[PDB]
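Novice: My questions will all concern the structure given below.
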Protein chains: 2
Amino acid sequence: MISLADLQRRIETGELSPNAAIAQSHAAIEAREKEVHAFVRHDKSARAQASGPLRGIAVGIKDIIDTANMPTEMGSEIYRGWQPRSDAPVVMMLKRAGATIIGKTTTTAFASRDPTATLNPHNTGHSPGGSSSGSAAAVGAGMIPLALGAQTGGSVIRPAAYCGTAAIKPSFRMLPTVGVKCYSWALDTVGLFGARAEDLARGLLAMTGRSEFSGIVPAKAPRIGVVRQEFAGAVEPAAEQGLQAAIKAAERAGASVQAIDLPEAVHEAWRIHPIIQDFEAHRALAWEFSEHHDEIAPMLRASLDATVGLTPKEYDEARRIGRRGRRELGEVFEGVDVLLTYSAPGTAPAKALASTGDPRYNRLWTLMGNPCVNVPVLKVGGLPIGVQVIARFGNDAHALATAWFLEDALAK
Amino acid sequence: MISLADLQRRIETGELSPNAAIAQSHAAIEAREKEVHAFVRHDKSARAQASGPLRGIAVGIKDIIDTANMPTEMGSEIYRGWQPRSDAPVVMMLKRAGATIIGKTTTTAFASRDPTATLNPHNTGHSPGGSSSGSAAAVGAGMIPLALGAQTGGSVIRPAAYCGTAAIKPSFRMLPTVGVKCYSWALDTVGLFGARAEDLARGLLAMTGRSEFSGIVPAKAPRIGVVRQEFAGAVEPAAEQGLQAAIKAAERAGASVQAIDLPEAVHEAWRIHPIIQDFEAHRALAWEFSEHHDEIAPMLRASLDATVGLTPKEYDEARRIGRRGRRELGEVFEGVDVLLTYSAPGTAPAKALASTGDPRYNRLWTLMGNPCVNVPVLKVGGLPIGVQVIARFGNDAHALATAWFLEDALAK
């Protein structure tokens, strides 16, 4: 994979020019795109900017995020040829930092369950995950140094795990969702894909200018709390194997690891995530559902058809439960710096299964809002397995530092 | 003004037909538009729908809100002729309820401070307020029984006061802002304009299907707390005249009224509102500011130019302050049912002043998120003066019941 931090350093010293760096990306995309199919649109004429911390840095953009120079088709026929008038704020954050928007990456229809044609870089017979399919696959295939995605259930962390890339779903609302096709406004959260935790940090620093992302270094002997999210049921062997590998590597690295239970209130929050998500989805996708019902991808159309009856009442009760879960989860971080858990049910599903994977191990965290970072751990049968590092809400920097720590610990 | 509730009753009982009701709005618009200029575009071909509680109800939509059948120009040349692909979720709530989208009402450029050509229905030489100028003026001119707007600072309450219409800025995030051009995502809140509080209730009921908006009745012996927001500076005489009239009528009607000073924490929340609004505005309007700077209307452009230096650090501090304010504000409601304050500095400014009016008496509540309702009280020099009824976050229903009680009280 291409490291953004690496390019940054080489460009800063003059060892690599921005034009060369961008030419590098076009070539990388050109070399693997025909087999991975991660881009809806690759802008071959995209050039490097002359200044800014991200000059020479090519970035792929999930196709539910607006761009003014390229179409934004939401992974749906309904929006074929749709052309937003403006670039979404997050795209502008990148552009303002001097980055190059190299193309739009594939997204499942309206960022839901319907699979894209994208294939896993590690094994084209498997899914790259979703809904940010293209973004994870492109970074995972070594095509680009950075990519933006979004997560409502587990659309950032899961595909990152499947494709073996670093990724972060920042604290809720740190990054604006303006110009990001809404599924659930209570959940939708922008995310980044990169090679390593350090690349994500550098990416966020340039995008936001927040000092918390400046000078980040690997954490030292972190206080880690392992949570297996029993409420979501048992994971597949491969996932547990990766979790054990992570725990052991971290211990040998000097970290104090302890197994911890999550408060009942948090278990309940995980339970009602579907209520908040689907009720809002019906309002957010009202035009689509009313005027283009049969045109909506099969799986999403079906889930929407099954949730029409959700009421404001149960919706409000679900939100109340969500708030209670947030409060008590914070209490959990009073004895530990970060939580360590699964990033996905296991290895990426075979494409034949027509599934982008179950988000059951990602959804809770999207509702709680905490920053989550995927750390690639190992590979089973050639397919990547990762673990999810979670810090307190607003402690994104620490989540990145600990993830970086874990990366170094695994490298031994 | 036209009463939504009245139209509903007459249509339901067969006294009036849906088509006749719509034809009446078309006529009313034609009758005074050349005098008020409240519509960016009027769809003269719009017809009543067949079913729904809102069949026969003509609705005006602020032009920052997406419509699929009509352009959404954001009150800026930058979006001249811009045609959204879909209707915003709030527009769909109305349509699904059977309402008729009769036209797009004027909005200041990007919902900010730059005056539109719209005039106050009560006096053509005065401003209708902003930024939901056309929505307020159209309802005030008796053109339509309902209109949608949005509020960041005071773009719903203030213009409703200036134009003598009832209006409500529901609790933050209750109505989705998807398809509502973002100024500040921490503030932007959709609002409704109507003749009376009851019309707002029926409007919200049809839009959300929430039972709390069903069967609402005027409040009985409400516990009112009067706050004059001294921290927002001195108010104009006319404004106090109206507040005193409201307090007196309320007392005569059996309400318990008491003056109360808001916590220092709340005063501080008022002070930092501009910080949150402007810092986010730079992110939300990044594309326009970077690629079409000189095309941004004068006042908004200067506002943004003066705030390009706001930092994430101070932005965060501002948000912490906001949270404190919300926490201590809730405590204030342990004694009263609603707060009663000014809706505007005073009577509508003359157009010659090139000002939509100062939002200082509205902004705090938008940040707190509480439901706010304007209640027309009286007119000084022929210009309307209203008061603002505020209830606990989430108690929109009670805010309407209390506004209703106040309307009847004033009616004597």
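Chain labels A, B, ... are given in the sequence in which chains occur in the structure tokens; within each chain residues are numbered consecutively from 1, and ligands are likewise numbered from 1 in the order shown.
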Give me, as a Markdown table, each residue of chain B that comes within 9 Å of chain A, together with its shortest interatomic pair and the distance in Å at one decimal, counting only C-alpha atoms, with rows ordered by chain and rising residue number.
Specialist:
```
| residue | atom | partner | partner_atom | distance |
| --- | --- | --- | --- | --- |
| B:79 | CA | A:85 | CA | 7.9 |
| B:82 | CA | A:85 | CA | 7.6 |
| B:84 | CA | A:84 | CA | 8.4 |
| B:85 | CA | A:82 | CA | 7.6 |
| B:86 | CA | A:287 | CA | 6.2 |
| B:87 | CA | A:287 | CA | 6.0 |
| B:88 | CA | A:287 | CA | 7.5 |
| B:89 | CA | A:284 | CA | 5.6 |
| B:90 | CA | A:283 | CA | 8.0 |
| B:91 | CA | A:287 | CA | 8.9 |
| B:92 | CA | A:286 | CA | 6.2 |
| B:93 | CA | A:283 | CA | 7.7 |
| B:96 | CA | A:290 | CA | 8.3 |
| B:173 | CA | A:185 | CA | 8.8 |
| B:176 | CA | A:284 | CA | 7.5 |
| B:177 | CA | A:185 | CA | 8.7 |
| B:178 | CA | A:284 | CA | 6.9 |
| B:181 | CA | A:178 | CA | 8.6 |
| B:182 | CA | A:178 | CA | 7.0 |
| B:185 | CA | A:176 | CA | 7.7 |
| B:208 | CA | A:312 | CA | 7.8 |
| B:209 | CA | A:312 | CA | 7.5 |
| B:210 | CA | A:312 | CA | 6.1 |
| B:211 | CA | A:313 | CA | 8.5 |
| B:280 | CA | A:176 | CA | 8.6 |
| B:282 | CA | A:89 | CA | 8.9 |
| B:283 | CA | A:89 | CA | 5.6 |
| B:284 | CA | A:89 | CA | 5.6 |
| B:285 | CA | A:89 | CA | 7.2 |
| B:286 | CA | A:89 | CA | 5.9 |
| B:287 | CA | A:87 | CA | 6.0 |
| B:288 | CA | A:86 | CA | 7.7 |
| B:290 | CA | A:96 | CA | 8.4 |
| B:311 | CA | A:209 | CA | 8.3 |
| B:312 | CA | A:210 | CA | 6.0 |
| B:313 | CA | A:210 | CA | 7.2 |
```
Novice: Okay, now the selection with N, CA, C and O atoms, as a compact mmCIF listing (two decimals), in the first residue's frame?
Specialist:
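part39.txt, written as the output of this step:
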```txt
# COMPACT_ATOMS: atom_id res chain seq x y z
N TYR B 79 -25.98 29.75 -7.94
CA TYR B 79 -26.86 28.62 -8.19
C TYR B 79 -28.03 28.95 -9.12
O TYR B 79 -29.06 28.29 -9.07
N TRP B 82 -29.97 26.19 -10.87
CA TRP B 82 -29.61 24.90 -10.28
C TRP B 82 -30.86 24.05 -10.06
O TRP B 82 -31.82 24.50 -9.44
N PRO B 84 -32.07 20.57 -8.40
CA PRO B 84 -31.80 19.36 -7.62
C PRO B 84 -32.50 18.17 -8.27
O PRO B 84 -33.54 18.31 -8.91
N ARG B 85 -31.91 16.99 -8.10
CA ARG B 85 -32.47 15.77 -8.66
C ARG B 85 -33.65 15.28 -7.83
O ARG B 85 -34.63 14.75 -8.36
N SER B 86 -33.57 15.49 -6.51
CA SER B 86 -34.62 15.03 -5.61
C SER B 86 -35.24 16.12 -4.74
O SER B 86 -34.72 17.22 -4.64
N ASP B 87 -36.37 15.78 -4.12
CA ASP B 87 -37.04 16.70 -3.21
C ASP B 87 -36.42 16.44 -1.85
O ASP B 87 -36.11 15.29 -1.52
N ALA B 88 -36.22 17.49 -1.07
CA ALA B 88 -35.65 17.33 0.26
C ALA B 88 -36.64 16.53 1.12
O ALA B 88 -37.85 16.60 0.90
N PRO B 89 -36.13 15.75 2.08
CA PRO B 89 -37.02 14.97 2.94
C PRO B 89 -38.18 15.76 3.54
O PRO B 89 -39.29 15.23 3.64
N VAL B 90 -37.95 17.01 3.94
CA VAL B 90 -39.04 17.79 4.51
C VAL B 90 -40.10 18.11 3.47
O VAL B 90 -41.28 18.22 3.79
N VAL B 91 -39.68 18.28 2.22
CA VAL B 91 -40.64 18.56 1.15
C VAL B 91 -41.47 17.30 0.93
O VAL B 91 -42.67 17.37 0.69
N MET B 92 -40.82 16.14 1.05
CA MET B 92 -41.51 14.86 0.87
C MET B 92 -42.51 14.61 1.99
O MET B 92 -43.56 14.00 1.76
N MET B 93 -42.19 15.05 3.20
CA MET B 93 -43.11 14.86 4.32
C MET B 93 -44.41 15.57 3.97
O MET B 93 -45.50 15.05 4.22
N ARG B 96 -46.12 13.69 0.77
CA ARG B 96 -46.72 12.43 1.18
C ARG B 96 -48.01 12.68 1.97
O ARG B 96 -48.89 11.83 2.02
N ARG B 173 -32.84 19.11 15.17
CA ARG B 173 -32.79 17.79 14.54
C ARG B 173 -34.08 16.97 14.53
O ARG B 173 -34.05 15.81 14.15
N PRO B 176 -35.46 16.61 9.58
CA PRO B 176 -34.17 16.48 8.90
C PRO B 176 -33.77 17.70 8.06
O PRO B 176 -34.62 18.35 7.46
N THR B 177 -32.48 18.00 8.03
CA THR B 177 -31.99 19.13 7.26
C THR B 177 -31.34 18.69 5.95
O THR B 177 -30.65 19.47 5.28
N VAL B 178 -31.58 17.43 5.58
CA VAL B 178 -31.07 16.88 4.33
C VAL B 178 -31.77 17.67 3.23
O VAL B 178 -32.99 17.87 3.28
N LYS B 181 -29.76 23.55 2.27
CA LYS B 181 -28.44 24.16 2.14
C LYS B 181 -27.87 24.55 3.50
O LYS B 181 -28.40 25.44 4.17
N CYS B 182 -26.78 23.89 3.88
CA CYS B 182 -26.16 24.12 5.18
C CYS B 182 -25.37 25.41 5.38
O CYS B 182 -24.53 25.79 4.57
N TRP B 185 -24.10 23.22 10.53
CA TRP B 185 -24.78 21.98 10.89
C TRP B 185 -25.10 21.85 12.38
O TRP B 185 -25.95 21.04 12.78
N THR B 208 -44.99 14.70 10.38
CA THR B 208 -44.30 13.69 11.17
C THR B 208 -45.13 12.51 11.67
O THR B 208 -44.56 11.48 12.05
N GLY B 209 -46.45 12.65 11.69
CA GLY B 209 -47.28 11.57 12.17
C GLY B 209 -47.08 11.33 13.66
O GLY B 209 -47.47 10.29 14.20
N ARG B 210 -46.45 12.29 14.33
CA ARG B 210 -46.19 12.19 15.76
C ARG B 210 -47.46 12.56 16.54
O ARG B 210 -48.01 13.65 16.37
N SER B 211 -47.91 11.65 17.39
CA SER B 211 -49.14 11.86 18.16
C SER B 211 -49.17 13.09 19.07
O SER B 211 -50.24 13.65 19.32
N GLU B 280 -18.10 26.87 11.35
CA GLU B 280 -18.71 25.84 10.54
C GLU B 280 -19.09 26.36 9.15
O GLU B 280 -18.92 25.65 8.15
N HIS B 282 -17.57 28.35 7.31
CA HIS B 282 -16.39 28.30 6.44
C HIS B 282 -16.16 26.89 5.89
O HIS B 282 -15.62 26.73 4.79
N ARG B 283 -16.58 25.88 6.64
CA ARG B 283 -16.44 24.51 6.19
C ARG B 283 -17.60 24.18 5.25
O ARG B 283 -17.40 23.62 4.18
N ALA B 284 -18.81 24.55 5.66
CA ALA B 284 -20.02 24.27 4.88
C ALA B 284 -20.11 25.00 3.54
O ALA B 284 -20.77 24.52 2.62
N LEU B 285 -19.46 26.15 3.45
CA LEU B 285 -19.48 26.94 2.22
C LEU B 285 -18.08 27.02 1.63
O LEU B 285 -17.76 27.95 0.88
N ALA B 286 -17.24 26.04 1.96
CA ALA B 286 -15.87 26.01 1.48
C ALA B 286 -15.76 26.11 -0.04
O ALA B 286 -14.92 26.84 -0.56
N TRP B 287 -16.61 25.39 -0.76
CA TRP B 287 -16.57 25.41 -2.22
C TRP B 287 -16.87 26.80 -2.78
O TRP B 287 -16.14 27.30 -3.65
N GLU B 288 -17.94 27.41 -2.30
CA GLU B 288 -18.32 28.74 -2.77
C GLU B 288 -17.27 29.79 -2.42
O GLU B 288 -16.92 30.62 -3.26
N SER B 290 -14.03 29.39 -1.81
CA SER B 290 -12.77 29.16 -2.51
C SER B 290 -12.82 29.36 -4.02
O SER B 290 -11.91 29.94 -4.61
N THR B 311 -10.22 29.32 14.73
CA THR B 311 -9.51 28.04 14.90
C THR B 311 -10.36 26.92 15.48
O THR B 311 -11.35 27.17 16.16
N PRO B 312 -9.98 25.66 15.21
CA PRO B 312 -10.70 24.49 15.71
C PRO B 312 -10.66 24.50 17.25
O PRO B 312 -11.57 24.01 17.92
N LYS B 313 -9.57 25.05 17.78
CA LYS B 313 -9.39 25.14 19.22
C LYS B 313 -10.49 26.00 19.84
O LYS B 313 -11.20 25.56 20.75
```
Novice: Mind listing the strand (DSSP E) residues of range 200-333 of chain B, per DSSP on the backbone, as a PyMOL selection string?
Specialist: chain B and resi 223-226+256-259
Novice: Can you spit out the residues from that selection as a tab-separated table (two decimals), in the first residue's frame, using N, CA and C atoms?
Specialist:
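Contents of out-v4.tsv, freshly written:
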```tsv
chain	number	residue	atom	x	y	z
B	223	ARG	N	-47.28	28.19	33.44
B	223	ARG	CA	-46.29	28.78	34.33
B	223	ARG	C	-45.25	29.40	33.40
B	224	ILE	N	-45.31	30.72	33.27
B	224	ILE	CA	-44.42	31.44	32.37
B	224	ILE	C	-43.28	32.16	33.08
B	225	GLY	N	-42.08	32.03	32.51
B	225	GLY	CA	-40.91	32.69	33.04
B	225	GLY	C	-40.46	33.71	32.00
B	226	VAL	N	-40.46	34.99	32.36
B	226	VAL	CA	-40.06	36.04	31.43
B	226	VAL	C	-38.57	36.35	31.50
B	256	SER	N	-49.50	32.19	35.50
B	256	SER	CA	-48.63	32.66	36.56
B	256	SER	C	-47.38	33.16	35.85
B	257	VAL	N	-47.06	34.44	36.04
B	257	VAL	CA	-45.91	35.03	35.37
B	257	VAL	C	-44.87	35.56	36.35
B	258	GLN	N	-43.61	35.30	36.05
B	258	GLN	CA	-42.51	35.74	36.90
B	258	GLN	C	-41.29	36.04	36.05
B	259	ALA	N	-40.55	37.07	36.45
B	259	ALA	CA	-39.34	37.45	35.74
B	259	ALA	C	-38.20	36.63	36.31
```
Novice: Ranking B:122, B:62, B:293, B:273 by minimum distance to residue 77 in chain B and counting only C-alpha atoms, which one comes first?
Specialist: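 Of all the options, B:293 lies closest to residue 77 in chain B.
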Novice: If you count only C-alpha atoms, which residues fall within 7 Å of residue 170 in chain B, apart from same-chain ones fewer than 4 positions away, as a list in words?
Specialist: residues 174, 191, 371, 372 and 396 of chain B
Novice: Please save C-alpha atoms of the selected residues as an mmCIF file, in the first residue's frame.
Specialist:
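File produced: again.cif:
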```cif
data_model
loop_
_atom_site.group_PDB
_atom_site.id
_atom_site.type_symbol
_atom_site.label_atom_id
_atom_site.label_comp_id
_atom_site.auth_asym_id
_atom_site.auth_seq_id
_atom_site.Cartn_x
_atom_site.Cartn_y
_atom_site.Cartn_z
ATOM 1 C CA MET B 174 -36.448 16.813 14.916
ATOM 2 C CA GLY B 191 -39.170 25.855 10.695
ATOM 3 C CA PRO B 371 -38.631 24.638 20.322
ATOM 4 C CA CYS B 372 -39.484 28.305 19.727
ATOM 5 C CA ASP B 396 -42.635 21.244 20.975
#
```
Novice: In range 35-123 of chain A, what's helix (DSSP H, G or I) per DSSP? Answer as a list in words?
Specialist: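 Helix (DSSP H, G or I) members of range 35-123 of chain A, listed: residues 35, 36, 77, 78, 79, 89, 90, 91, 92, 93, 94, 95, 96, 109, 110 and 111 of chain A.
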Novice: Do you know which residues are at most 8 Å from range 105-112 of chain B counting only C-alpha atoms, after dropping those on the same chain fewer than 5 positions away, and could you put them as a PyMOL selection string?
Specialist: chain B and resi 38-41+60-64+74-76+118+130-135+138+155+181+183+296-297+300
Novice: For residue 353 in chain A, list every protein, DNA or RNA residue within 10 Å, evaluated using only C-alpha atoms, and leave out those in the same chain fewer than 4 positions away; present the list as a list in words.
Specialist: residues 115, 126, 127, 349 and 357 of chain A
Novice: Kindly export the residues of the current selection with C-alpha atoms, as a short mmCIF file (atom, residue, chain, number, x, y, z; two decimals), in the first residue's frame.
Specialist:
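Listed below is the output, again.cif:
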```cif
data_model
loop_
_atom_site.label_atom_id
_atom_site.label_comp_id
_atom_site.auth_asym_id
_atom_site.auth_seq_id
_atom_site.Cartn_x
_atom_site.Cartn_y
_atom_site.Cartn_z
CA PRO A 115 -22.97 -5.44 -3.47
CA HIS A 126 -14.08 -12.29 -2.32
CA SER A 127 -15.91 -9.12 -1.33
CA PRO A 349 -17.24 -13.33 2.38
CA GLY A 357 -20.47 -8.79 5.42
#
```
Novice: Using only C-alpha atoms, can you tell me which of A:101, A:66, A:171, A:13 comes closest to residue 44 in chain A?
Specialist: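 With only C-alpha atoms as the atom set, the closest residue is A:101.
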Novice: Within 7 Å of residue 154 in chain B, counting only C-alpha atoms, which residues qualify if same-chain residues fewer than 3 places away don't, as a list in words?
Specialist: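 In the requested format, the answer is residues 151, 157, 158, 359, 362 and 363 of chain B.
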Novice: Print the selection's residues with C-alpha atoms to a file, as an mmCIF file, in the first residue's frame.
Specialist:
```
data_model
loop_
_atom_site.group_PDB
_atom_site.id
_atom_site.type_symbol
_atom_site.label_atom_id
_atom_site.label_comp_id
_atom_site.auth_asym_id
_atom_site.auth_seq_id
_atom_site.Cartn_x
_atom_site.Cartn_y
_atom_site.Cartn_z
ATOM 1 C CA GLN B 151 -33.051 29.026 11.206
ATOM 2 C CA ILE B 157 -38.704 33.554 14.486
ATOM 3 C CA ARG B 158 -37.584 37.062 13.514
ATOM 4 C CA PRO B 359 -30.835 38.103 15.217
ATOM 5 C CA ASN B 362 -33.079 34.581 18.492
ATOM 6 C CA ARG B 363 -29.614 32.988 18.160
#
```
Novice: Using only C-alpha atoms, which residues sit within 9 Å of residue 121 in chain A once same-chain residues fewer than 3 positions away are excluded, as a list in words?
Specialist: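 Listed by chain and then number, they are residues 32, 35, 36, 124, 126, 128, 137, 138, 140, 141, 142 and 163 of chain A.
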